[PDB]
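Heads up, the thing below is written out as structure tokens.
Positions of Cβ are generated from backbone atoms using ideal geometry, with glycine treated the same way; all protein chains shown enter the neighbour counts. Where a number appears in this text, it was derived from the coordinates with a stated rule and is not lab data.
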Amino acid sequence: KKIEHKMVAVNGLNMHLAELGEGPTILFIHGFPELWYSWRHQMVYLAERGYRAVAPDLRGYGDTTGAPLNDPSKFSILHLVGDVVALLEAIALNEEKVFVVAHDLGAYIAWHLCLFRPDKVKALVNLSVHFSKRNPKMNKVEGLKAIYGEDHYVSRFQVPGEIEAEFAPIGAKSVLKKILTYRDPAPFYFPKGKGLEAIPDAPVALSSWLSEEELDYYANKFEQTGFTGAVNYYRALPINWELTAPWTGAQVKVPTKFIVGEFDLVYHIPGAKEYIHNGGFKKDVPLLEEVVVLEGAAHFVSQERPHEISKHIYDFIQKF
């Protein structure tokens with residue numbers, strides 16, 4: 001009937017889980033700066049078609065508690081995959097393998113889940129963030145800084161306290177509205193002191209997919225938690241690069257479908273389109289099926305194009 005919420009002890013956290021439906025499990029993993037709630041439309045669509053949809057708030061987000069906000073080292077990709085493995089052990093006890101659907105930093109987590117524990121995943125649908133072949137020369141923060149400079153969001157998120165202080169006088173609702181409705185293919189810039197002024201606005205009609213009630217759901221949660229938990233994922237990127245050196249040259253061996261919006265800023269990182277479409281991606285992910293690009297859509301595809309995303313998930317997982 002209705003979406004059920006519970007709290008589950010996992011990997012030192014008290015994790016909030018939302019759940020709908022009965023049948024084979026699909027784990028949904030949200031992105032930045034989002035919540036379990038970003039999957040609202042898919043949960044309904046797949047539950048109606050005989051699956052059990054489960055979507056947690058990740059470490060540092062929403063109603064999930066226990067991670068120390070003052071130590072970004074506890075938001076490493078090893079901690080995060082640890083969370084997910086523990087979650088699956090707690091909530092999918094009689095399914096050796098489950099389906100995984102993920103978006104943005106959720107997809108970053110999912111790629112590493114499949115590297116570390118392919119035995120847990122039956123098939124994967126990842127949105128927005130393609131596999132990143134580890135660059136042995138430098139970490140991702142340094143790479144993106146070399147391209148886009150110091151005001152690039154990844155660079156600005158690095159120093160603890162700074163982006164939090166930038167957002168404080170603006171309020172969570174304005175920050176989330178600006179990010180959620182963003183449509184330009186350039187990365188976000190947060191120059192010191194300029195608030196949201198360096199972020200262009202699209203015509204209002206292009207965000208009619210986001211109701212005021214939906215926006216308020218996010219704004220209310222983030223008013224309470226703040227942004228430190230979410231931003232700490234980016235502060236951990238340098239250590240993530242060091243910690244993942246053992247998987248140089250390793251392939252993801254799980255059957256995979258990848259989907260991205262035409263206007264997604266990640267899709268416009270220099271080299272990404274080449275990697276995705278011209279063979280590199282398929283080499284790292286040998287069971288990657290045909291890549292899907294959603295024409296006229298931007299980053300938040302699960303909410304902007306819910307039917308297309310829901311159906312793409314259903315059609316993929318039905319093959320198994």
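Considering only residues in region 162-176 that are free of Cβ contacts under 8 Å to residues at least 40 places away in the same chain and closer than 17 Å to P33 by Cα, the one that is nearest to the chain's Cα centre (by Cα) turns out to be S174.
Does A67 satisfy the condition of being in contact with a strand residue (DSSP E or B) (Cβ under 7 Å, 6 or more places away or on another chain), of a type in the set (G, A, S) and outside any loop (DSSP other than H, G, I, E, B)? It is false that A67 is in contact with a strand residue (DSSP E or B) (Cβ under 7 Å, 6 or more places away or on another chain), of a type in the set (G, A, S) and outside any loop (DSSP other than H, G, I, E, B). Within region 92-111, the residues that satisfy the criterion of being buried (at least 21 other Cβ atoms within 10 Å of the Cβ), touching a residue at least 60 places away in the same chain (Cβ under 8 Å) and outside any strand (DSSP E or B) are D104, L105, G106, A107, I109, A110, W111.
Of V141, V129, all but one fail to be within 17 Å of the chain's Cα centre (by Cα) and of a type in the set (A, V, I, L, M); the exception is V129. Pairs linking a residue in region 277-299 that is more than 15 Å from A123 (Cβ to Cβ) and touching a residue at least 24 places away in the same chain (Cβ under 8 Å) to a residue that is part of a loop (DSSP other than H, G, I, E, B) and among the hydrophobic types (A, V, I, L, M, F, W, C), with Cβ atoms under 8 Å and 6 or more positions apart or on different chains, are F281/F131; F281/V291; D284/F131; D284/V252; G296/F263; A297/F263; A298/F263; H299/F263.
Residues of region 116-131 that are crowded, with 17+ Cβ neighbours inside 10 Å and not in a helix (DSSP H, G or I): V121, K122, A123, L124, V125, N126, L127, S128, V129, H130, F131. Restricting attention to region 1-16, and to residues there that are touching a residue at least 40 places away in the same chain (Cβ under 8 Å) and outside any strand (DSSP E or B), which single residue is surrounded by the most Cβ atoms within 10 Å (Cβ to Cβ)? Out of the qualifying residues, it is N11.
Scanning region 19-58 for residues that are part of a strand (DSSP E or B), under 21 Å from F227 (Cα atoms) and aliphatic (A, V, I, L, M) yields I29, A55.
Out of curiosity, is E19 surrounded by fewer than 20 Cβ atoms within 10 Å (Cβ to Cβ), over 25 Å from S310 (Cα atoms) and among the charged types (D, E, K, R)?
Values: surrounded by fewer than 20 Cβ atoms within 10 Å (Cβ to Cβ): yes; over 25 Å from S310 (Cα atoms): no; among the charged types (D, E, K, R): yes.
The answer is no for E19.
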